[PDB]
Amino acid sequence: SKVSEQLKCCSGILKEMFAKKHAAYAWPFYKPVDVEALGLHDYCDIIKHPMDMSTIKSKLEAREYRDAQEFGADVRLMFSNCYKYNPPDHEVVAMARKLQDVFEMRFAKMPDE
């Protein structure tokens, strides 16, 4: 009951995060950070656990998340990596804050029974 409902909510949230209406700020989070293409030679020294929306999508499709808290932790890990690696005034950090606001506002509405 509660768990299947929670996972439909998580799937809905991730689908919205991929939607065209949020694409102008969500697109850097769609795929794993390409360290070689972006020349981020210190990325793996700073970030021990990379995360992105396509990875979260694959984990939802594989039924890897047992509940909403685990899904939530991966979404927040993705934003935390962005805040850790990039300076706070970077354009990508402004995009992260906007996409995190979309996520947190809907994740707050998670079914609780």
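Rigid core here is just the name for the largest C-alpha set that superposes within 1.5 Å across the two forms. Residue numbers here begin at 1 and follow the sequence given.
Larger root-mean-square CA separation from the shown form, computed after a rigid core fit of the structures in 7 other deposited structures of this protein, is seen for 30-38 when 30-38 is set against 47-55. Comparing 2-10 with 103-111, the stretch with the higher mean C-alpha B-factor in the PDB entry is 2-10. For the two regions 84-92 and 26-34, the entry's Cα B-factors average higher over 84-92. Sort the chain's modelled residues by C-alpha temperature factor and residue 78 lands in the lowest third, per the entry. When the modelled residues of the chain are ordered by C-alpha B-factor, residue 47 sits in the middle third. Residue 21: CA B factor lies in the highest third for its chain, per the PDB record. Ranked against the other modelled residues of its chain, the C-alpha B-factor of residue 58 as given in the entry falls in the middle third.
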